[PDB]
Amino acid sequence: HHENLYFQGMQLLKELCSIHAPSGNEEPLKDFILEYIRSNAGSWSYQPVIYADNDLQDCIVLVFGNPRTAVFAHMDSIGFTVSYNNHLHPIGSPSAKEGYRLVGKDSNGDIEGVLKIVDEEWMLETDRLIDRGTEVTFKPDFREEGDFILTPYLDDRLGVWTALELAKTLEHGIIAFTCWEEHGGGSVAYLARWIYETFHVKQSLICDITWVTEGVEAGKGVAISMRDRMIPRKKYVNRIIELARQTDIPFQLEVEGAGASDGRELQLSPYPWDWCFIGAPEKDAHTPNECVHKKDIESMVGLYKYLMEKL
């Protein structure tokens, strides 16, 4: 019984968060999203053309009608790579606190363990020698508390979820599910090329999750990043903000001095892409307790729906 293929709302998000897909091994998430799409697309207002193929590695690209804008959400999560003697290296920049519950699978089967900081080096405490190169991930632990949702990997399974929501009604546009976002990228680059060249699209939205801040508060609305480590074109961000205000959808304006997203890869590509990071903010980013307010999920989905239509 493959019931997950029809999950919805928070149950779908829970599923998405549960799927072990660290950077460099997004394949299982790609597989799920791909079947989910083929199982549900017929219920969408508009049927997209599905691109998944070798020249896209494990990426997925959806093209709805005649697109003008492309949205990018990353399937990869942070995590850790098992090295020698059950030692660990990070995949991306995860939080590393003793006791974090980590899961994975190797040739000897499932793996469960705890993160230990022995001799000032990180390692995986488990009942056996784990195969080298085995990736481990935060143990799924999906919680629904008050107006909140606490789970590992809201970044960016929430983004993936939002994208899929978007797909329910999206008429014109592109939804791209990317790889390696958490760990240096290298998928968006080819996506940047192909989308631009094939569809002549050069506007994007980065569907990812940001931080809750003294300046960006939980439940106060989806965040439009006017900049982070990188800086998009002010006129593009302005234009977005403008459209956002044609709405009663609550949003907050993020101005950070750090952090990067797929947007960076777009910016640095040899293709003249505009980009803007829009997404719900979370507390405890990159921890197994990523927390997001249900209202911001709601705002996020709403702004994406509106932006994708008017951009």
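Heads up: residue numbers just count along the shown sequence, starting at 1.
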Item checked: Greater mean Cα temperature factor according to the PDB record, 80-88 or 114-122 -> 114-122
Item checked: CA B-factor ranking of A21, expressed as a third of its chain -> lowest
Next item on the list: Sort the modelled residues of this chain by their C-alpha B factor and say whether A96 lands in the lowest, middle or highest third.
Entry: highest
Check: Hey, what third does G184 fall into on Cα B-factor, ranked over its chain?
Finding: highest
Check: What third of its chain, lowest, middle or highest, does the C-alpha temperature factor of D106 fall into?
Finding: middle
Item checked: Third assignment of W211 from its chain's C-alpha B-factors -> highest
